[PDB]
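Inside the fold
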Amino acid sequence: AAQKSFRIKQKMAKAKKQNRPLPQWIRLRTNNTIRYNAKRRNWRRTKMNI
Amino acid sequence: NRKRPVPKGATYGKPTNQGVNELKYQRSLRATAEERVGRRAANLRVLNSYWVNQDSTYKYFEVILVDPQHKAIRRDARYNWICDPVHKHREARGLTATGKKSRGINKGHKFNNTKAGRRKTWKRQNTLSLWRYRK
Amino acid sequence: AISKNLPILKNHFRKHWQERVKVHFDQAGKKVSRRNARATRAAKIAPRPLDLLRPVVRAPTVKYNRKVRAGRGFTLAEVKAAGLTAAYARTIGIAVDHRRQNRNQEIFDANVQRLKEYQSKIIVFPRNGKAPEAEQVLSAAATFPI
Amino acid sequence: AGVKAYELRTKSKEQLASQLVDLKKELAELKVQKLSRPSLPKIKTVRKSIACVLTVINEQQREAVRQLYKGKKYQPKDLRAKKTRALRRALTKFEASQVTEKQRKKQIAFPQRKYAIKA
Amino acid sequence: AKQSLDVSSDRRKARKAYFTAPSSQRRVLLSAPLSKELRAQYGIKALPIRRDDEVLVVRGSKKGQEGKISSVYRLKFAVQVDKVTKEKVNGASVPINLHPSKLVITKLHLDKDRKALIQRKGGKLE
Amino acid sequence: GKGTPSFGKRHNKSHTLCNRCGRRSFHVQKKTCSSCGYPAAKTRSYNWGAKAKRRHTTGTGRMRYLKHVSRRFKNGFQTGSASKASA
Amino acid sequence: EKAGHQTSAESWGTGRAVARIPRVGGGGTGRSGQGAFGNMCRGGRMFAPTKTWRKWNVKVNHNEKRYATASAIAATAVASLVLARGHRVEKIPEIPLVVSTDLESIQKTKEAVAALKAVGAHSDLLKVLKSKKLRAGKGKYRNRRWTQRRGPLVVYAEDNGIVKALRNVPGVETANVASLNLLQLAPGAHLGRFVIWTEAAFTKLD
RNA sequence: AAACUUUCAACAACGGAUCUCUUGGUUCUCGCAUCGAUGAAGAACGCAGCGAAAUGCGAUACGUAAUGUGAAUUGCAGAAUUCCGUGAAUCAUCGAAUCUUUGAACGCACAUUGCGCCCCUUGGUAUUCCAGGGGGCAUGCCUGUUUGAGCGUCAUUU
RNA sequence: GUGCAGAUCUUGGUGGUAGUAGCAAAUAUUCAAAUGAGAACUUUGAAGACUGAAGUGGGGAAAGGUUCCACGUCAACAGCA
RNA sequence: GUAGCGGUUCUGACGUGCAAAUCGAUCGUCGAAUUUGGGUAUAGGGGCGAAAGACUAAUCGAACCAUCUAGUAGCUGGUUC
RNA sequence: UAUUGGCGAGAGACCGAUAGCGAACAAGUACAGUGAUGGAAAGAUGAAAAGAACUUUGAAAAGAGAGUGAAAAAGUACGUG
RNA sequence: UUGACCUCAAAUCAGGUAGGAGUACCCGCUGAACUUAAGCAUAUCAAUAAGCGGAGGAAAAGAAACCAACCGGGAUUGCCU
Ligand SMILES: [Mg+2]
Ligand SMILES: [Mg+2]
Ligand SMILES: [Mg+2]
Ligand SMILES: [Mg+2]
Ligand SMILES: [Mg+2]
Ligand SMILES: [Mg+2]
Ligand SMILES: [Mg+2]
Ligand SMILES: [Mg+2]
Ligand SMILES: [Mg+2]
Ligand SMILES: [Mg+2]
Ligand SMILES: [Mg+2]
Ligand SMILES: [Mg+2]
Ligand SMILES: [Mg+2]
Ligand SMILES: [Mg+2]
Ligand SMILES: [Mg+2]
Ligand SMILES: [Mg+2]
Ligand SMILES: [Mg+2]
Ligand SMILES: [Mg+2]
Ligand SMILES: [Mg+2]
Ligand SMILES: [Mg+2]
Ligand SMILES: [Mg+2]
Ligand SMILES: [Mg+2]
Ligand SMILES: [Mg+2]
Ligand SMILES: [Mg+2]
Ligand SMILES: [Mg+2]
Ligand SMILES: [Mg+2]
Ligand SMILES: [Mg+2]
Ligand SMILES: [Mg+2]
Ligand SMILES: [Mg+2]
Ligand SMILES: [Mg+2]
Ligand SMILES: [Mg+2]
Ligand SMILES: [Mg+2]
Ligand SMILES: [Mg+2]
Ligand SMILES: [Mg+2]
Ligand SMILES: [Mg+2]
Ligand SMILES: [Mg+2]
Ligand SMILES: [Mg+2]
Ligand SMILES: [Mg+2]
Ligand SMILES: [Mg+2]
Ligand SMILES: [Mg+2]
Ligand SMILES: [Mg+2]
Ligand SMILES: [Mg+2]
Ligand SMILES: [Mg+2]
Ligand SMILES: [Mg+2]
Ligand SMILES: [Mg+2]
Ligand SMILES: [Mg+2]
Ligand SMILES: [Mg+2]
Ligand SMILES: [Mg+2]
Ligand SMILES: [Mg+2]
Ligand SMILES: [Mg+2]
Ligand SMILES: [Mg+2]
Ligand SMILES: [Mg+2]
Ligand SMILES: [Mg+2]
Ligand SMILES: [Mg+2]
Ligand SMILES: [Mg+2]
Ligand SMILES: [Mg+2]
Ligand SMILES: [Mg+2]
Ligand SMILES: [Mg+2]
Ligand SMILES: [Mg+2]
Ligand SMILES: [Mg+2]
Ligand SMILES: [Mg+2]
Ligand SMILES: [Mg+2]
Ligand SMILES: [Mg+2]
Ligand SMILES: [Mg+2]
Ligand SMILES: [Mg+2]
Ligand SMILES: [Mg+2]
Ligand SMILES: [Mg+2]
Ligand SMILES: [Mg+2]
Ligand SMILES: [Mg+2]
Ligand SMILES: [Mg+2]
Ligand SMILES: [Mg+2]
Ligand SMILES: [Mg+2]
Ligand SMILES: [Mg+2]
Ligand SMILES: [Mg+2]
Ligand SMILES: [Mg+2]
Ligand SMILES: [Mg+2]
Ligand SMILES: [Mg+2]
Ligand SMILES: [Mg+2]
Ligand SMILES: [Mg+2]
Ligand SMILES: [Mg+2]
Ligand SMILES: [Mg+2]
Ligand SMILES: [Mg+2]
Ligand SMILES: [Mg+2]
Ligand SMILES: [Mg+2]
Ligand SMILES: [Mg+2]
Ligand SMILES: [Mg+2]
Ligand SMILES: [Mg+2]
Ligand SMILES: [Mg+2]
Ligand SMILES: [Mg+2]
Ligand SMILES: [Mg+2]
Ligand SMILES: [Mg+2]
Ligand SMILES: [Mg+2]
Ligand SMILES: [Mg+2]
Ligand SMILES: [Mg+2]
Ligand SMILES: [Mg+2]
Ligand SMILES: [Mg+2]
Ligand SMILES: [Mg+2]
Ligand SMILES: [Mg+2]
Ligand SMILES: [Mg+2]
Ligand SMILES: [Mg+2]
Ligand SMILES: [Mg+2]
Ligand SMILES: [Mg+2]
Ligand SMILES: [Mg+2]
Ligand SMILES: [Mg+2]
Ligand SMILES: [Mg+2]
Ligand SMILES: [Mg+2]
Ligand SMILES: [Zn+2]
């Protein structure tokens with residue numbers, strides 16, 4: 001919030017990492033079951049609770 | 001006596017359970033004695049306790065304990081029993097004397113209801129048992 | 001809920017009774033669980049015959065005193081009368097009861113006699129290590145019936 | 001290729017220590033390559049070995065201490081056995097096999113005789 | 001009929017242990033019978049196939065054909081024979097998957113341990 | 001307007017992240033976790049709260065040390081090392 | 001027993017134009033507000049949940065049990081009944097079929113099987129085999145996958161290898177005399193089981 | 001007479017019924033006794049050549065040591081020295097270690113990657129200040145070691 | 001745990017309504033060029049206005065967490081595009 | 001009398017809304033018993049209340065959460081060839 | 001003697017993806033709530049991706065040929081439908 | 001002045017133990033109401049649910065201050081009754 005504490009940055013910093021699409025090579029493994037990254041998060045759609 | 005805590009005296013529900021001030025506590029004060037030292041010395045094990053004196057405000061007890069990890073206790077195969085882990089805080093489960101009293105654990109007819117242990121003998125006699133070849 | 005010429009029934013199902021229903025489905029399981037643990041107690045326990053010896057006894061009450069009944073232990077006189085001591089008799093498979101007493105003679109002579117017969121019909125091995133295999137008769141209580 | 005244990009387990013106290021710095025610098029350079037190359041799997045079987053080395057470097061000073069302590073009361077908690085926190089408590093055989101003298105004589109007197117039935 | 005008390009005839013329990021069988025368990029499973037010649041050559045009926053063995057497809061469409069196991073694709077409970085491959089439509093060539101039980105072993109690839117096993121089982125070898 | 005106007009000032013944190021279940025149920029003013037009760041030496045749970053009790057019990061987690069204790073038991077808390085054979 | 005109820009759902013009362021079975025509360029998830037508990041509710045407890053204490057085993061009087069096996073036995077002569085029961089026994093000599101006590105000693109499957117065929121068994125042993133079909137049910141996938149017909153019963157007096165020798169030829173079942181079971185004596189309450197009585201077994205019946 | 005409405009049919013649509021499936025669930029039974037201050041259960045953040053997740057793991061991080069096995073792993077890339085061998089493997093087993101930040105949680109705190117004290121050692125011209133490395137400091141209680149207090153109190157002196 | 005038309009019954013799916021109600025607050029838009037398959041709506045030039053410093057300006061606290069910036073880009077989304 | 005606070009009347013707009021309380025005009029008050037941020041306190045037969053049974057997170061003549069709980073129902077509805 | 005927890009097993013006249021545990025799937029997930037808590041949906045191409053080279057219309061998506069296959073009346077919208 | 005004893009302290013003193021989790025079963029403490037009574041207060045639900053303390057592979061009980069009243073029995077536990 002423009003002057004965070006490190007506990008919030010670090011949680012943001014991980015949460016940013018999760019915000020990528022499926023690496024397209026995983027769709028190709030044997031028995032690969034995952035189609036699309038089902039957990040993707042968007043900043044103006046779901047707030048993450050500090 | 002024990003005073004049902006119970007805010008402002010309120011009880012919500014039935015007349016019978018409206019009582020607050022002539023209540024008694026099924027455990028002897030001697031039992032509350034062991035209890036608070038047994039925790040006071042959590043590593044010891046309470047062997048016993050004996051009353052020693054009282055005024056009108058306090059009853060005074062002298063509890064005895066047995067450090068179950070001191071080698072002189074661990075040997076001496078007369079008290080080492082205490083060292084088993086099946087006697088951890090035997091005061092809090094009512095296994096000292098006054099434990100075996102306030103639990104009413106004595107042989108006989110005047111004791112049926114509470115003799116193998118009231119809650120167990122209850123459950124028992126309210127457990128319904130059907131066989132494969134019912135009877 | 002009162003109709004027809006039916007008996008009045010007393011069925012006490014008013015607490016949460018279903019909480020405590022014991023369907024002995026393990027009835028057979030528990031048999032085997034015993035049956036094995038017996039054939040195994042017979043193994044560990046050498047040739048010894050899986051139960052102690054018990055005395056005769058007359059039954060209490062007006063009801064049962066017509067019959068007679070396996071006891072528990074041999075009083076202190078009935079063991080003395082057969083010429084051994086308690087402390088040893090118990091190492092010979094004999095159960096002794098200190099809290100019994102002997103006010104009846106024709107049961108006194110009985111147990112003593114029964115006691116003698118138990119020592120005749122057995123053998124005691126020695127303390128050493130010879131270990132003579134002797135095939136366990138399994139039950140005293142059958143071998144000296146009451 | 002890579003590093004191997006038993007070949008490590010016979011280097012010099014200060015030789016292992018040396019090869020570690022080698023692997024470490026080695027690693028260093030790989031990571032400067034990785035940012036210029038697409039894929040670069042060499043970088044595993046090297047960061048693997050720094051482990052191997054460290055495992056050996058620690059196992060050796062460790063069993064050093066294990067022995068120069070082995071034999072007394074009181075050695076480091078982290079060399080005594082783990083078992084269970086409550087096993088770590090139960091009496092030793094000695095303690096749980098004590099007998100009263102009065103109970104001992106009695107055991108020597110009339111012990112459970114090995115009897116048997118028939119005739 | 002099963003007579004122990006630690007074998008289960010439970011269809012579900014079995015299926016689950018085949019498919020979630022760990023690699024080192026599928027190798028034995030992925031076994032192939034020795035060739036007719038290859039069997040009296042050793043006094044042994046069957047063997048956990050491996051890579052450089054030599055094999056002939058005694059079943060399947062690729063009946064008749066033969067060759068050398070390029071790879072035991074354990075993941076796939078298959079094996080891949082270098083010589084028996086599906087040519088694609090764009091001219092590429094995707095290997096076909098085979099099942100040892102539908103092959104027959106024509107020439108073992110012999111090892112120190114390979115041999116050992118043949119002897120563990122009671123086999124003679126040349 | 002008890003409603004949407006007043007919702008618009010919902011801009012301060014009642015709870016923040018519990019340092020012991022990282023759960024944003026750590027009441028700022030009241031300094032304790034509505035979920036697990038930290039700093040209390042014990043952990044909040046209750047028999048009525050049975051599903052929530054299932055959400056958090058031994059097993060919903062890594063089980064870093066309890067994982068292997070059965071194994072170790074299986075083998076008699078072997079302290080030692082394996083030797084060799086061949087092959 | 002705790003199924004259907006893993007909710008904390010409550011009515012809505014009348015007055016919301018919607019029915020009034022209990023309902024999950026609290027939004028956010030689609031299950032929110034759905035029928036709860038009810039026997040007709042997708043997800044609820046089932047009407048009259050089944051119970052362990054259902055009476056599975058039945059008591060029978062002993063002496064009419066014995067009656068039942070007795071009559072069973074007599075039907076295993078009576079070549080008529082045994083004909084209608086399955087059981088190809090036109091090509092067997094006489095009934096009851098009795099074989100000499102030697103059968104009780106036959107260690108070897110392949111041998112006994114062949115000795116069975118000698119004394120009349122064949123066509124009925126083929127009945128099995130020619131009939132092992134898949135099971136029509138779902139039982140087909142509950143450890144009951146194949147459904148064959150029921151072959152002969154060979155009542156040995158004493159067991160010297162024979163019992164291990166047939167256990168593996170499909171449809172053939174074996175029993176001592178001093179047992180004798182009614183589930184096998186007449187499978188499915190149909191009388192007339194093709195029993196091949198060894199001698200020693202015959203005489204011990206009396 | 002079209003259109004439009006309607007009905008039946010064929011094909012095509014919407015939907016996902018049915019049938020057949022089942023590495024799941026249910027209940028039954030048998031065996032067995034092992035969490036934690038030697039830091040447990042839980043948590044937070046990390047970790048792969050190419051991962052978001054599940055799984056697993058901890059800065060030695062999809063893993064290190066050992067052992068058994070006897071050639072794989074596989075989505076692609078890969079080494080290539082690993083194939084008659086202390087040796088492949090996302091293999092099994094597991095007895096040795098590593099094991100961030102935490103958690104009963106223990107130097108003090110904590111909505112702070114906040115703030116002390118001691119020892120060792122290294123650099124900075126330093127017993128005192130600064131910086132890096134190592135190692136340490138919670139509470140209640142039991143046994144003992146030491147150091148104390150009290151005309152509570154026994155004796156000893158001149 | 002055996003037959004459904006109903007239980008403002010559960011869950012899912014689907015109609016008629018209906019190409020209908022509607023997309024009308026906050027003064028307002030126009031001309032070309034470029035781009036592009038495609039331009040009322042993008043980009044630039046030109047015009048007409050607006051907010052009018054109690055701002056439609058220049059920054060911040062709480063709160064959000066990458067929305068910043070570049071490059072590519074239009075299947076979904078921005079209730080025409 | 002602005003802004004600030006307020007919310008009188010049109011019983012104006014909206015009344016499947018811009019909105020689960022808004023919009024327009026008109027109005028009360030506008031230097032203090034004024035407005036208001038943040039921090040902090042008070043908890044459900046309890047709190048707070050310049051007093052309306054008001055307010056206590058769209059909840060108030062007794063909050064929300066779970067459980068006892070498939071509460072009971074002489075009443076309503078359904079009850080499958 | 002006890003045991004709806006634990007570790008390991010054998011089973012069933014059980015349920016068969018609106019059933020059975022809430023979850024057969026990255027399920028106590030996603031998502032909701034300040035919080036206590038609440039809590040879903042969702043399985044099936046084929047034996048094998050052989051997942052459609054190439055041709056042409058098209059800005060693309062796609063279409064029409066072709067092609068693969070036992071079958072496209074199986075085309076990652078995938079059994080039946 | 002010197003040495004003790006009793007009683008209390010203090011050490012990052014020498015070595016150890018307690019906490020927390022799990023809780024199906026087990027030992028305690030505390031402790032309802034819904035309900036039934038066709039009303040309800042005793043009663044019942046129930047010495048049950050919620051709350052609390054404490055153990056183990058079982059726990060607990062256990063070698064009689066017992067049962068009797070017999071021709072007497074003879075630790076405990078559980079089953080049938
Ligand atoms: Mg700021
Ligand atoms: Mg998935
Ligand atoms: Mg009673
Ligand atoms: Mg009438
Ligand atoms: Mg009853
Ligand atoms: Mg309970
Ligand atoms: Mg049971
Ligand atoms: Mg016995
Ligand atoms: Mg007496
Ligand atoms: Mg000897
Ligand atoms: Mg130790
Ligand atoms: Mg330990
Ligand atoms: Mg075997
Ligand atoms: Mg083999
Ligand atoms: Mg593979
Ligand atoms: Mg295959
Ligand atoms: Mg407080
Ligand atoms: Mg704390
Ligand atoms: Mg952990
Ligand atoms: Mg160990
Ligand atoms: Mg070998
Ligand atoms: Mg309610
Ligand atoms: Mg309506
Ligand atoms: Mg259900
Ligand atoms: Mg044969
Ligand atoms: Mg055949
Ligand atoms: Mg059939
Ligand atoms: Mg079936
Ligand atoms: Mg069918
Ligand atoms: Mg029709
Ligand atoms: Mg199939
Ligand atoms: Mg099952
Ligand atoms: Mg926990
Ligand atoms: Mg490290
Ligand atoms: Mg993985
Ligand atoms: Mg080796
Ligand atoms: Mg592995
Ligand atoms: Mg602290
Ligand atoms: Mg810190
Ligand atoms: Mg501070
Ligand atoms: Mg430090
Ligand atoms: Mg001391
Ligand atoms: Mg002193
Ligand atoms: Mg039904
Ligand atoms: Mg129907
Ligand atoms: Mg209808
Ligand atoms: Mg219908
Ligand atoms: Mg009807
Ligand atoms: Mg719907
Ligand atoms: Mg239109
Ligand atoms: Mg219109
Ligand atoms: Mg309008
Ligand atoms: Mg415009
Ligand atoms: Mg312009
Ligand atoms: Mg102007
Ligand atoms: Mg202007
Ligand atoms: Mg102005
Ligand atoms: Mg700014
Ligand atoms: Mg933001
Ligand atoms: Mg931008
Ligand atoms: Mg588009
Ligand atoms: Mg948008
Ligand atoms: Mg649009
Ligand atoms: Mg205003
Ligand atoms: Mg207004
Ligand atoms: Mg109006
Ligand atoms: Mg209108
Ligand atoms: Mg005005
Ligand atoms: Mg009040
Ligand atoms: Mg009240
Ligand atoms: Mg109160
Ligand atoms: Mg009023
Ligand atoms: Mg609300
Ligand atoms: Mg309100
Ligand atoms: Mg209330
Ligand atoms: Mg609220
Ligand atoms: Mg009902
Ligand atoms: Mg009425
Ligand atoms: Mg089905
Ligand atoms: Mg389901
Ligand atoms: Mg059904
Ligand atoms: Mg569900
Ligand atoms: Mg599945
Ligand atoms: Mg489908
Ligand atoms: Mg086409
Ligand atoms: Mg077809
Ligand atoms: Mg098809
Ligand atoms: Mg396609
Ligand atoms: Mg299918
Ligand atoms: Mg110390
Ligand atoms: Mg505890
Ligand atoms: Mg009470
Ligand atoms: Mg009450
Ligand atoms: Mg009730
Ligand atoms: Mg009533
Ligand atoms: Mg009534
Ligand atoms: Mg009433
Ligand atoms: Mg009452
Ligand atoms: Mg009570
Ligand atoms: Mg009462
Ligand atoms: Mg309770
Ligand atoms: Mg334990
Ligand atoms: Mg036992
Ligand atoms: Mg005990
Ligand atoms: Mg005595
Ligand atoms: Mg007795
Ligand atoms: Zn917490």
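Attention in this report is confined to the structure presented alongside it. The residue numbers you see begin from 1 on each chain and track the sequence as written, which may not match the entry, and residues missing coordinates are not shown. Think of it this way: whatever chain is written first is A, whatever ligand is written first is 1, and the rest follow in order. In this view, a larger assembly is represented only partially, and all stated values concern the represented chains. For side-chain calculations, the full set of non-hydrogen atoms in the structure is used, while hydrogens and water are omitted.

1. Considerations on the overall build of chain C
Heads up, the rule is: Secondary structure elements follow DSSP: runs of H or I of four or more residues count as helices, runs of E of two or more count as strands, with numbering from the N terminus. For the radius of gyration, the atoms used are the C-alpha atoms, and the globule rule reads 2.2 Å times the number of residues raised to 0.38. For every residue, the accessible area obtained with a 1.4 Å probe (protein chains only) is divided by the maximum for its type, and the residue is called buried under 20%, exposed over 50%, and partly exposed between those limits. All accessible areas in this document rest on Shrake-Rupley with a 1.4 Å probe, and a residue is counted as covered only by the protein chains that are shown. This count recognises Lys and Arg as positive and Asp and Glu as negative, with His and chain-terminal groups excluded. For the purpose of locating charges, the reference atoms are NZ of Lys, CZ of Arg, CG of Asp and CD of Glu.
Within chain C one finds 6 helices and 2 strands. Across chain C, helices and strands are ordered from the amino to the carboxyl terminus as β-α-α-α-α-α-β-α. Against the globule reference of 15 Å for 146 residues, chain C gives a C-alpha radius of gyration of 23 Å, more extended than a compact globule. For the C-alpha atoms alone, the extent of chain C along its principal axes is close to 75 × 40 × 20 Å. Buried positions account for 29% of the 146 residues belonging to chain C. On chain C, roughly 10,600 Å² of surface is accessible, and the fraction owed to carbon and sulfur atoms is 54%. With 31 positive and 10 negative side-chain charges, chain C shows a spacing of 8 Å between the two charge centroids.

2. Structural notes on the overall build of chain A
Within chain A, the regular secondary structure consists of 1 helix and 0 strands. Taking 2.2 N^0.38 as the reference for a compact globule, 50 residues should give roughly 10 Å; the C-alpha atoms of chain A span a radius of gyration of 15 Å, well beyond that estimate. Here the C-alpha coordinates of chain A stretch approximately 45 × 20 × 15 Å along the principal axes. The buried share of chain A, reckoned over its 50 residues, is 12%. Here chain A displays about 5,100 Å² of accessible surface, and carbon together with sulfur accounts for 53% of that area.

3. Quick look at the packing of helix α2 (residues 13-34) of chain D against helix α3 (residues 42-69) of chain D
All names here are of chain D. Note the cut-off: Angles shown run from 0 to 180 degrees and are taken between the N-to-C directions of axes, each axis being a line fitted to C-alpha atoms and, for helices, limited to the stretch in contact. Working definition: roughly parallel below 35 degrees, roughly antiparallel above 145 degrees, roughly perpendicular at 65 to 115 degrees, and oblique for all remaining angles. The hand of a helix crossing depends on one turn: near helix anticlockwise from the far one by less than a right angle means left-handed, and clockwise means right-handed. Contact criterion: two residues are considered in contact whenever any of their non-hydrogen atoms come within 4.5 Å of each other. The classification used treats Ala, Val, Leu, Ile, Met, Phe, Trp, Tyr, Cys and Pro as nonpolar, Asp, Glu, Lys and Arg as charged, and all other residues, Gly among them, as polar.
Interaxial distance between α2 and α3 falls to 9 Å at its minimum, and their mutual angle equals 160°. Here α3 runs roughly antiparallel to α2, going by the angle between their axes. In the crossing of α2 with α3, the sense of the turn from one axis to the other is left-handed. Seen from α2, the contacting residues are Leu16, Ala17, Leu20, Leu23, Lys24, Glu26, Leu27, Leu30, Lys31 and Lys34; seen from α3, they are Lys42, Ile43, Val46, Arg47, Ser49, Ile50, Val53, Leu54, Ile57 and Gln60. By residue class, the composition of the contact of α2 with α3 is 12 nonpolar, 2 polar and 6 charged.

4. Comments concerning the protein's contact with RNA strand L
Defined as follows: Put simply, a residue is near a molecule or strand once any heavy atom of it comes within 4 Å of that molecule or strand. Pairs of N or O atoms are called polar contacts if they sit within 3.5 Å, as long as, within protein, a hydrogen donor faces a hydrogen acceptor (for residues adjacent in sequence, only side-chain-to-side-chain pairs).
In the neighbourhood of RNA strand L, 66 residues make up the surrounding shell, with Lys88(B), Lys100(B), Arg58(C), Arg99(C) and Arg80(D) lying closest. Take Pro85(B): an N or O atom from its main chain is 3.2 Å from a sugar or linking oxygen of RNA strand L. At 2.8 Å, a side-chain N or O of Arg103(B) approaches a sugar or linking oxygen of RNA strand L. Of all the elements, helix α4 (residues 118-125) of chain B adds the most residues to the surface near RNA strand L, at 6 residues. Here the surface near RNA strand L is built from residues that sort into 17 nonpolar, 21 polar and 28 charged.

5. Some points on α2(D)
Residues and elements named next belong to chain D. Which entries qualify depends on this criterion: Here the expected span of a helix is defined as 1.5 Å times the quantity of residues minus one. The directions considered for the arc are those from the helix axis to the C-beta atoms.
Given a rise of 1.5 Å per residue, 22 residues ought to cover 32 Å, and the 32 Å separating the end C-alpha atoms of α2 matches this to within 8%. Those residues of α2 that sit buried are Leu16, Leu20, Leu23, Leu27 and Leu30. Taken down its axis, α2 places every buried residue within 85° of arc, on the same side. Opposite the buried face of α2, by more than 90 degrees, sit the exposed residues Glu14, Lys25 and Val32. Those residues of α2 that are buried are in contact with α1 (5-8) and α3.

6. Quick look at the interface of chain B and chain G
Applied cut-off: A 1.4 Å probe defines the accessible area here, and the buried area is the portion of it lost by two parts on being joined, summed over both. A pair is scored as a salt bridge if a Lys or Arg side-chain nitrogen falls within 4 Å of a carboxyl oxygen belonging to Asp or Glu.
Taken together, the contact pairs 4 residues of chain B with 6 residues of chain G. Both faces combined, the contact of chain B with chain G buries some 480 Å², and carbon together with sulfur accounts for 46% of it. On the chain B side of the interface with chain G, the three residues burying the most area are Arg132(B), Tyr133(B) and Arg134(B), jointly 90% of the side's total. Inspection of the region where chain B meets chain G yields 0 salt bridges. Along the contact surface separating chain B from chain G lie 2 residue pairs in polar contact. Looking at the side of chain B that touches chain G residue by residue, the class counts come to 2 nonpolar, no polar and 2 charged.

7. Quick word on the interface of chain D and chain C
In this complex, chain D contributes 12 residues to the contact, which on the side of chain C involves 27 residues. Each partner contributes to the roughly 1,800 Å² buried at the junction of chain D and chain C, and carbon and sulfur atoms together form 61% of this total. Remark: the boundary between chain D and chain C carries 0 salt bridges. There are 8 residue pairs in polar contact connecting chain D and chain C. Mapped by element, the contributors of at least two residues to the side of chain D that touches chain C are α5 (101-109) and β1 (115-117) of chain D. Per-element accounting of the side of chain D that touches chain C gives the leading share, 3 residues, to β1(D).

8. Re the side chain of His27(F)
Within the element layout of this structure, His27(F) appears in strand β2 (residues 26-27). Apart from the residues lying within four places of it in its own chain, the contact partners of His27(F) are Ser14(F), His15(F) and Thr32(F).

9. Some thoughts on the protein's contact with RNA strand K
If you check the shell around RNA strand K, you find 56 residues, and the closest are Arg35(A), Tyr36(A), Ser8(E), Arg42(G) and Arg142(G). Near-protein atoms of RNA strand K (within 4 Å) split between backbone and bases, with sugar and phosphate holding 75%. Here a sugar or linking oxygen of RNA strand K sits 2.7 Å away from a polar atom, N or O, in the side chain of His15(F). Here a phosphate oxygen of RNA strand K and a side-chain polar atom of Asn143(G) are 2.7 Å apart.

10. Thoughts on helix α1 (residues 27-44) of chain C
The end-to-end C-alpha distance of α1(C) is 26 Å, a good match for the 26 Å that 18 residues give at a rise of 1.5 Å each. Downstream of α1(C) by one or two residues, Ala46(C) has phi in the positive range, about 55°.

11. Focus on unusual backbone geometry
Looking along the chain, the bond that leaves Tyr38(F) and enters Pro39(F) is cis, with omega of 5°. Of note, the amide linkage connecting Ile95(G) to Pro96(G) takes the cis form, showing an omega dihedral of 0°. Looking at the secondary structure, you find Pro96(G) in the loop between α2 (79-83) and β1 (97-99). Residue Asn49(A) is not a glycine yet carries a positive backbone phi of 75°. Structurally, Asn49(A) can be placed in the segment after α1 (6-17).

12. Examining a nonpolar patch on the surface
All names here are of chain B. The criterion, for reference: Two distance rules govern patches: like charges are joined within 9 Å, and nonpolar side chains (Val, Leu, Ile, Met, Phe, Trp, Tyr) within 5 Å, applied only to residues with over 30% relative accessible area and no salt bridge.
On the surface, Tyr50, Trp51, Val52, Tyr58 and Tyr60 cluster together into a nonpolar patch covering about 520 Å² of accessible area. For the nonpolar patch, the element with the most residues is strand β1 (residues 46-54), which contributes 3 residues. Along the polypeptide, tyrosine 50 turns up in strand β1.

13. Describing the packing of aromatic side chains
Each aromatic ring pair is described using two quantities: the centre-to-centre distance and the angle formed by the ring planes. We count it as follows: Only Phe, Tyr and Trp rings are paired, with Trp represented by its six-membered ring, and only when their centres lie within 6.5 Å; those with planes under 30 degrees apart are stacked, over 60 edge-to-face, the remainder tilted. Comment: the charge-over-ring label is applied if NZ (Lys) or CZ (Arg) is within 6 Å of the ring centre and within 35 degrees of the ring normal.
Scanning all chains against the criterion turns up 10 aromatic pairs over all chains. Ring centres of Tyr58(B) and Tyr60(B) lie 6.1 Å apart, and the angle between their planes is 80°; on these two criteria the pair is classed as edge-to-face. These aromatic residues form a ring-pair network of at least three members: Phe13(C), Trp17(C) and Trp53(G). Over the aromatic face of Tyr73(E) sits the side chain of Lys76(E), whose NZ or CZ is 5.1 Å from the ring centroid. A cation sits over an aromatic face here: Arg23(G) above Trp12(G), 5.4 Å from the ring centre.

14. So, the side chain of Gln184(G)
All names here are of chain G. In this structure, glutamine 184 sits in helix α6 (residues 182-185). Classification of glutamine 184 as buried rests on a relative accessible area of 18%. Of the polar contacts made by the side chain of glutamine 184, one reaches the side chain of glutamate 173; its length is 2.3 Å.

15. Some details on the sheet that holds strand β4 (residues 66-71) of chain E
All names here are of chain E. Put simply, the rule reads: Only when DSSP finds a minimum of two bridges between them are two strands counted as paired.
Strand order in the open sheet formed by 4 strands is β5-β4-β3-β8, with antiparallel pairing between adjacent strands. Each edge of the sheet is formed by a strand with only one pairing partner; in this case those strands are β5 (80-82) and β8 (103-105). For this sheet the average axis-to-axis angle between neighbouring strands, irrespective of direction, equals 50°. Examined bridge by bridge, β4 and β5 share 3 bridges and lie antiparallel to one another. Bridging across to β5, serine 71 finds its partner in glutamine 80.

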